[PDB]
Amino acid sequence: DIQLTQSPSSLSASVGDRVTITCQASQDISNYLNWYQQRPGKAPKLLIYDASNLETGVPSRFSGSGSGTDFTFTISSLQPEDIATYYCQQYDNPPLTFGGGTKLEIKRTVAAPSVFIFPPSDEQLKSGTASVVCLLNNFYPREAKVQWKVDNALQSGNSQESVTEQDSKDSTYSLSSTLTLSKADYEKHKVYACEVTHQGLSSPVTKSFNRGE
Amino acid sequence: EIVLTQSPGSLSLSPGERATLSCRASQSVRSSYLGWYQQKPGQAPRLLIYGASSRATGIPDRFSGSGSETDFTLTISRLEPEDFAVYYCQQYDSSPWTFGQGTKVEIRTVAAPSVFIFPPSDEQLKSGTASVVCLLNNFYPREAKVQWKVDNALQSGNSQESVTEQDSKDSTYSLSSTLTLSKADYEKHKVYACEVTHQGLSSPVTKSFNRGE
Amino acid sequence: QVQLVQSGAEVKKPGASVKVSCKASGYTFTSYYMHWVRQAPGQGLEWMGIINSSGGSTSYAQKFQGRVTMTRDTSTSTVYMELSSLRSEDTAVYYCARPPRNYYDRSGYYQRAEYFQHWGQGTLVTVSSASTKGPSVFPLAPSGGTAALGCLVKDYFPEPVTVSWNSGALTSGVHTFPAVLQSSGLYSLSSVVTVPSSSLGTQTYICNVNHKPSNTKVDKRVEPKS
Amino acid sequence: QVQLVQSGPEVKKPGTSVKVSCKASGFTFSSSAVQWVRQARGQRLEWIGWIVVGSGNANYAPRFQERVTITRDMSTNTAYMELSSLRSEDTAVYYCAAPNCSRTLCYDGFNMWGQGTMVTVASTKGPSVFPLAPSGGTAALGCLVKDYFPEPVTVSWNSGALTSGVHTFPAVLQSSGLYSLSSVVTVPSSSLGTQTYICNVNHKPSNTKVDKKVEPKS
Amino acid sequence: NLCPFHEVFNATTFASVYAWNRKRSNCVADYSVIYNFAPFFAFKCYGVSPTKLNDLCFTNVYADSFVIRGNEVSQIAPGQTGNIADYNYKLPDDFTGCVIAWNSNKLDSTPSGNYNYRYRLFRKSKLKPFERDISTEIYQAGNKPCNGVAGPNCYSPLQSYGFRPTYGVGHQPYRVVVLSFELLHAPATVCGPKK
């Protein structure tokens, strides 16, 4: 089989920069090489076919080049919607093979997160489990720290985080921290807070609530 | 050019009763290419109705439009606190697409201002200029007087005033009076006061401080 | 208008078999080849095989020869892919892809054009012995500014669940977080949306959650707590 | 989340040519068309001109037909407006609007709008941010943003976590030709020694980003 | 008494893509006369092997000639989307025939711009296979009656290319001839030189 080595593994560039991805075939594959773009949760979308031909509707900032074993995919001016993983695929000989993929990330200005806090619902409190949520909306960069406090006591090991992919428009991230307690332990305390530290914040931002108030 | 006559130039009305706004065309306009926009102070305009009588998506039922050939009317059934902004009519009929002059709408009960005074910071005193601030917070109506006193000597020609627009929640105003002095003249005196007169005050409210006390 | 619609996500035990469909519409069905490409969670793309939509002749990759069978039905314009002897390495999203028609050049040589111009939405096949559980949807209530509300979709298996707002009418400022795998082996995610605080007393906010492996459809009304 | 995001504010000496751009996202660009208008601070809106991105046909107002050039780049989904021979009264906030157009049908009204970009027609100076310190009632604190040309400065509190009770006064133009404003907030007096209050001031023309901490004086 | 291929390829002026010309028998399909015009690219004959064309017989042969731009040549193929494929010339998905395209910046370009070649830009529906549209009704951005007024939210459905010699190959004019081999239940009229 023909092996396609795609480089780099991942890269971060600013909006308007020139982006270059390479794909090397183990053997000569002439120009039978295609470039697909896959957005998070979506199917791969054909951007380039036969090394250098643009698919209908593909912006002119996308281009391809190469013949033989080395191929190049180029975005002349990176745009916020270009966030995705890119793949190279050969069909010179079966079985058809794909490249390892190149995840494209965007570097933008610092954006502080908007922090919200959500107590557990009564419908869930009926079930004996309480799930408190802390939301960090639209921030950049990706790194941030969330600290749960129950009656000012720091928590650990009872929470899980989930981060969204870079938003295809403002190039920001969004994080959700779920703290899970038993109904007895939830009813045994009063103040519940999440403290957020991020590069865009000069001081940690704490969003809190009192149970039953 | 199609001249858009806007009447009235100003409209002072209490919230709750019916509101009628007229847009007059210099010549007949096909009642379809026409839109109404609300510009909130310091904000981008937002479409309310198109086609004179068709309500756009996201606008409550309280807003309605009457369309004709030359006359166009916008009626608000129930005035809301956040519905106090400037209203412009536009025709897409014949180029140029002129805009109406815009009918500003305002009103509430007499509210007395809360007066605060701020001495110049040390960091500013390092620069050679001193700025004393007098804040009049949350008041109505808009007319009021601030008078500066430096060692009981009334000041004139060295103070500037700034006023925020009508607040979207309580329909009140806020004013800031800045007194600018040299560092030498600021250090040459001791007492600094601002005296406020307003309809809600039976006596002038004076807020003062002593330099270095 | 070329549409490729695949069947819902499934969960099968290791060693069983699964059959994924792909109904084609908006074009002459029998005029194009249909390829299948699978993608493991967080991994790359893997080409599986090709089927001729007219005659039904197939060609599979070597590592799948004997485990995969591709069939076609022209009366319904549907391509089927069946994989038997399932292992944990087969848990993946499977896509049906359509490239254009192959051609001939002047010297009379058959020229293939295998660049996938159309794709199906994919079908998640989860190879697991664990049972299927439907989730529970709890409201995340908001408390001139900006408010945030949402829905917590907790305790389900397998992935995925799909969350929309107001039957897809509300897409602005919506963030549906990836599912977390709790210690109980069940998945839990949250779908939030930021709205104007002035719209809380007028606009109705309903989250629509769909977990197809368990046939669960829930429309939860999210209201401020009173 | 269909939207129309444009560039930040530019400030350029008289006589030069200014380029404004609006990038659309979330919808089919080629189907719609973009109108360009302007509004001076305290005055009505004025219509510069509209262009069809799909056709490329541009129509300008009779007043500014010679000095404006409205173009479009369809590859990046962007509409450009260039103003030549910038005159001092041309300082205003410029807006770009477009209806929410899908591939099949178009919305009958200018649904979407740009954020509004200010244009000033002197040299650029960064401001100085001075604290306005507070002295179970209600206390008031704030920040004085002084001596900057030109507008606008954007002031948030605690990076946006504090919005209720905040008044950002319109900027005043001093005798020196530089602008100055104040952004104040009223808080409960019981939180002055518990809650930290930081004003975040941004003056993009001078690339000035300041976070000033406001404490009671000691 | 012969297949006049030159009349399609050696023609002085091709038609616009929105009004593409069709010509269609009783003859010997001697395709060599087409090489007086040099080989180009992507004969991309679908369902037909051209080296067998010289020993095959067909009921009729339809030559559809027009001119587009470079970066749209890929749309003249079965199952393609885009401006030309949707609103000007549509090939069926079961197309059994050939597409011969070649650059003609030497022929269809002038220094001032060849605005005679036109293409449809707006249409409410996508074209059916082999369907021609020569409408001139002004489309309206919305649902309104322009009444012929071409201006605000009211667009001329046709736009001119304006070919100039200084354009890039993606924007240079390309002459296209689509050959459709019609096999009906009827006596064959066009045979190869080898029958």
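Residue numbers (the authors' numbering), protein chains in the order written: chain L, 1 to 213; chain B, 1 to 107, 109 to 214; chain H, 1 to 52, 52A, 53 to 82, 82A to 82C, 83 to 100, 100A to 100L, 101 to 127, 133 to 215; chain A, 1 to 52, 52A, 53 to 82, 82A to 82C, 83 to 100, 100A to 100F, 101 to 111, 114 to 127, 133 to 215; chain G, 334 to 357, 359 to 529.
Don't be surprised by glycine CBs; every beta carbon is placed ideally from N, CA and C.
- Residues of the segment 81-96 of chain B that bring their beta carbon within less than 8 Å of a beta carbon in chain H comprise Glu82, in sequence order.
- Within the model, the alpha-carbon separation for B:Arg30 versus A:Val18 is close to 36 Å.
- Proximity of chain L to A:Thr75 at the Cβ level (cut-off 8 Å) is accounted for by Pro59, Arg61, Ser77, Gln79, in chain order.
- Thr160, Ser161, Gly162: these are the residues of the segment 157-186 of chain H whose beta carbon lies less than 7 Å from some beta carbon of chain A, given in chain order.
- Any Cβ of chain H closer than 9 Å to the Cβ of B:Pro45 would place that residue at the interface, and such an atom is absent.
- The three-state reading of DSSP puts A:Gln35 in strand, counting E and B together.
- In the DSSP annotation of this structure, the continuous segment of the beta strand (DSSP E) that includes H:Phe122 starts and ends at 120-124.
- In the same chain as H:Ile50, and ignoring 5 residues on each side of it, the C-beta atoms closer than 6 Å to its own belong to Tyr33, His35, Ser58, in chain order.
- Taking C-alpha positions only, G:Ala520 is separated from G:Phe392 by approximately 9 Å.
- The contact set of A:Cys100B on chain G, defined by CB atoms closer than 7 Å, consists of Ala475, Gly476 in chain order.
- Chain order gives the chain G residues near H:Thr28 as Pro412, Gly413, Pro426, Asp427, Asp428, where near means a beta carbon separation below 9 Å.
- Distance between A:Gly49 and B:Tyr92, taken at the CA atoms: about 11 Å.
- Interface flag for H:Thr193 against chain B is unset, since no Cβ pair is found closer than 9 Å.
- Taking 9 Å as the CB threshold, G:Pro463 stays off the interface with chain A.
- By the CB criterion at 9 Å, L:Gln37 and L:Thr85 fall inside the cutoff.
- Nearest C-alpha to A:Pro149 among A:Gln43, A:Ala88, A:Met102: A:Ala88.
- Taking a beta-carbon distance threshold of 9 Å, A:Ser161 counts as an interface residue toward chain H.
- Of the candidates H:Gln171, H:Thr87, H:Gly15, the residue whose Cα lies closest to the Cα of H:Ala9 is H:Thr87.
- In this structure, L:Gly101 sits near L:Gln6, with a CB-CB distance shorter than 9 Å.
- Measuring C-alpha to C-alpha distances from B:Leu137 to each of B:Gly42, B:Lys127, B:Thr173, B:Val151 identifies B:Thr173 as the nearest.
- Taking a cut-off of 8 Å on C-beta distances, the segment 57-73 of chain B touches the segment 20-28 of chain B, as three or more cross pairs fall below it.
- If you check the CB distance, L:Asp167 and L:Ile83 come in under 9 Å.
- Note on H:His102: 16 or more other CB atoms within 10 angstroms of its CB, so buried under the neighbour-count rule.
- DSSP, read as helix, strand or coil, puts H:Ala100I in coil.
- Residue-level contact check: L:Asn31 does not touch chain H, since none of the beta carbons of chain H fall below 9 Å from its beta carbon.
- About 6 Å separates the CB atoms of B:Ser94 and B:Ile2; that is less than 8 Å, so the two are in contact.
- One alpha carbon belongs to H:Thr116, the other to H:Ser17, and they sit about 17 Å apart.
- If you draw a 10 Å sphere on the C-beta of G:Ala376, you find 16 or more other C-beta atoms in it, and that means buried.
- Cβ proximity to chain A below 8 Å picks out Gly485, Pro486, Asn487, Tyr489, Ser490, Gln493 from the segment 479-504 of chain G.
- Sequence-ordered contacts of the segment 176-204 of chain A with chain L read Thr193, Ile195, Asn197 [C-beta pairs closer than 9 Å].
- DSSP places A:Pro185 within a strand segment (E or B) once states are collapsed to three.
- Contact residues of the segment 444-470 of chain G toward chain A are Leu455 (C-beta to C-beta distance below 7 Å).
- In the DSSP secondary-structure assignment, G:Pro507 is bridged to G:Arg403.
- Between the segment 16-30 of chain A and the segment 70-79 of chain A there are three or more inter-stretch CB-CB distances shorter than 8 Å, so the stretches are counted as touching.
- Between the alpha carbons of G:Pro373 and G:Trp436 lies a distance of about 8 Å.
- Between the C-alpha atoms of H:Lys214 and L:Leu175 there is a straight-line separation of about 24 Å.
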